[PDB]
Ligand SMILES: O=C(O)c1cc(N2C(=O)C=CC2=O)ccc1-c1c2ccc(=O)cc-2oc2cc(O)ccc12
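A single chain, nothing else alongside it, follows as structure tokens in the form solved without this ligand.
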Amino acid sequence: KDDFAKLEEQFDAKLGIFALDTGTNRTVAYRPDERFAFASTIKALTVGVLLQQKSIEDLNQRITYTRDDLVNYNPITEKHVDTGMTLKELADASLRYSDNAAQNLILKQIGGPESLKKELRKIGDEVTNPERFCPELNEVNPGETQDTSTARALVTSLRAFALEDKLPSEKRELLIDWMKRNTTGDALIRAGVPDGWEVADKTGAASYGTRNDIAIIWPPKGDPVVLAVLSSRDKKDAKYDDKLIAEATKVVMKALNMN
């Protein structure tokens, strides 16, 4: 709070925090409106819009691609160049493996960053600014607002798709299932929540030591909490530490008296 400034002290980083307890409407905010590169947290929002646009049957449509649409590491999509993959399999890979090439294919399907912004603006997210495909591949420098969001806007938008009415119940269920089954976030929000409690999350990292996680957290009984923990550092090549995110989550949970 305070403990938040202490974490920033301990990790030499800047935190961005917003949490909403949907049970009591309690809010926890630390630089909630400070901008960070959203990095792969955008993959969650991109699937929300894909689901909005496509019937569940339409997710069976096959997308073909070549090795030249893959750059650096893409753990799922490098396995299926020969066959291509369905939209459903791409959403799975994007969300649970943070597959860059799968995210790009999905983004292309929905009409690119311009169309994603349009749809975000349509759900009343006036802050999230998608501008580039695969922004991962660009040397993005500080003070730029392209491909940034805030902890507050990311919670509001994740909540809108995952928990409110921007998606019908069966599609909301797909989004939640994929995020619950994420493989990349064990040391982040998940490491900061009490044992047992279900977590659905999407992680991201960039440069300037950017390390992000956005989540929905269910207490065993009671309504969920939606949370964004964003972080960055002063130097372009700064290392991040996952533990910062785990510890910031602990402070949120304390403040929420849990849940």
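Residue numbers run from 1 along the displayed sequence. Rigid core here is just the name for the largest C-alpha set that superposes within 1.5 Å across the two forms. Residues that one form lacks are left out of the comparison.
Another form, the form deposited with this ligand bound, is not on view; read the next lines as being about it.
The binding site of this unliganded chain is blocked: after this ligand is superimposed from its pose in the deposited bound form, three or more of its atoms come within 2.4 Å of the backbone or C-beta atoms.
In plain terms, the part of the chain that comes close to this ligand in the deposited bound form, with a heavy atom within 4.5 Å, is 33-41 out of 223-231, 47-55, 33-41, 60-68. Mapping the unseen interface onto this chain, residue 72 counts among the residues with a heavy atom inside 4.5 Å of this ligand in the deposited bound form. The closest non-hydrogen atom of residue 115 lies beyond 4.5 Å of this ligand in the deposited bound form.
With a 4.5 Å cutoff on heavy atoms, residue 29 does not count as touching this ligand in the deposited bound form; it lies far away. A residue is said to contact a partner when one of its heavy atoms sits within 4.5 Å of a partner heavy atom; residue 240 meets this definition for this ligand in the deposited bound form. Contact residues in stretch 117-134 (any heavy atom within 4.5 Å of this ligand, taken in the deposited bound form) are limited to 134. Comparing the two forms between the shown form and the other one on the rigid core, the single residue of 127, 140, 123, 176 with a CA shift of 2 Å or greater is 140. Legend note: Cα of residue 137 to Cα of residue 65 is at least 3 Å farther in the deposited bound form than in the depicted form.
Compared with the form shown here, the Cα atoms of residue 123 and residue 137 move at least 3 Å closer together in the deposited bound form. Residues present in both forms were compared between the shown form and the other one after fitting on the core; consecutive runs of three or more with every C-alpha moved by 2 angstroms or more are 71-73, 135-140.
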